[PDB]
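Input: a single structure, listed below in structure tokens.
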There are 2 protein chains.
Amino acid sequence: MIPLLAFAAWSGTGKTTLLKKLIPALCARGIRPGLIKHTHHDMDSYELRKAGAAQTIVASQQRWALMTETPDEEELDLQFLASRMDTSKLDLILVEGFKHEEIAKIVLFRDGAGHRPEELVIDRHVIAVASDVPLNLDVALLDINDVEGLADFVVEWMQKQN
Amino acid sequence: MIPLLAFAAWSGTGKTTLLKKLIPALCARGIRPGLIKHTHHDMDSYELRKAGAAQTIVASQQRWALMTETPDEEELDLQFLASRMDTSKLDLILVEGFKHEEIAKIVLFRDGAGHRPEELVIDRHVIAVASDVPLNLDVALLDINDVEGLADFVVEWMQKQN
């Protein structure tokens, strides 16, 4: 069985500069990571799509994409976007963007650009905050600057469900 | 089932073009098409992918893309790439751009495109040649400029397979 894990972060690119470093670190510990992100800014062979091929798929020498049109009214369900991935080549699926979900979540605080503490609806799911300034809790707390430790806490969490 | 039909050719014969017209046509006849395309031409959360996310899938409201990296073995198994699509909203999958493959196939030709017809190979998988000119050979010879004419043939072809 394979797990999924959220990565909440308030306004401010950060988590992309963060994750940009946590991914490799995760490979480092032999973890094959998958990432299901959710945006708003909406995304080759584009025309051929607007022409009518709902599902288009471009393959190349290095990578292959798969597009799937849904002017239906959807595409928020994770569990489905999951089954879509080749999960036999994955160990952990990172989940960023989807708001209001019941999966393990890891916050992210970085003062200066933004507000002050206590801001963290510690859902009955959140399992650790990652600040750059100390602070209390009732759940793990990491230094949003030690990718290594973070990578390690994560790997830990995993093996303790698995 | 859920047939796979390919369009072979030569550079400069309007392969891409013909499909911009053929797609709509198939749609008009109630045929939902999926297009699988290859390009030795290397074709948005780019950082986290080359960073280590073998599979990044960017969701949205209108549609979603599952982008897979393959820095070892480039994917050339049509059967695989097809099994990656959601065939429950597709009745036909068009295959284009993969040199040397062996599926249902319609060849393209246009006098003057730097090749004479004798240079055409009608292999076990050729279901019809679509020229812009009569050619003396024994295989469904269709007019390449009559799309609706073409569409009908496909549609019929499909039925004989289902």
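The table for this structure:
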| read-out | value |
| --- | --- |
| Elements of type strands (runs of 3 or more DSSP E) contained in the stretch B:55-144, each with 1 or more residues being buried (at least 16 other Cβ atoms within 10 Å of the Cβ) and more than 20 Å from the chain's Cα centre (by Cα) | B:55-59, B:63-69 |
| Residues of the stretch B:95-105 satisfying the condition of being at the interface with chain A (Cβ under 10 Å from one of its Cβ atoms) and out of contact with any helix residue (DSSP H, G or I) (no Cβ under 7 Å at 6 or more places or on another chain) | B:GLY97 |
| Test: residue in the stretch A:33-46 that is under 22 Å from B:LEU22 (Cβ atoms) and buried (at least 20 other Cβ atoms within 10 Å of the Cβ) | yes |
| Some residue of the stretch B:93-107 being in the same structural domain as B:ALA28 (by CATH), over 21 Å from B:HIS38 (Cβ atoms) and of a type in the set (D, E, K, R) | no |
| B:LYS37 vs. criteria of a type in the set (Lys, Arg) and out of contact with any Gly (no Cβ under 6 Å at 6 or more places or on another chain) | no |
| Any chance A:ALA25 is of a type in the set (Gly, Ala, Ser), more than 7 Å from chain B (Cβ to nearest Cβ), out of contact with any strand residue (DSSP E or B) (no Cβ under 6 Å at 6 or more places or on another chain) and in a loop (DSSP other than H, G, I, E, B) | no |
| Selected residue [under 30 Å from B:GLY30 (Cα atoms) and β-branched (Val, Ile, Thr)] from A:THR13, A:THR39, A:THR68 | A:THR68 |
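Basis: the model, the stated rules and, where named, an outside source; these are not laboratory values. Don't worry about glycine lacking a Cβ; one is built from the backbone with ideal geometry, like all the others, and counts go over all protein chains shown.
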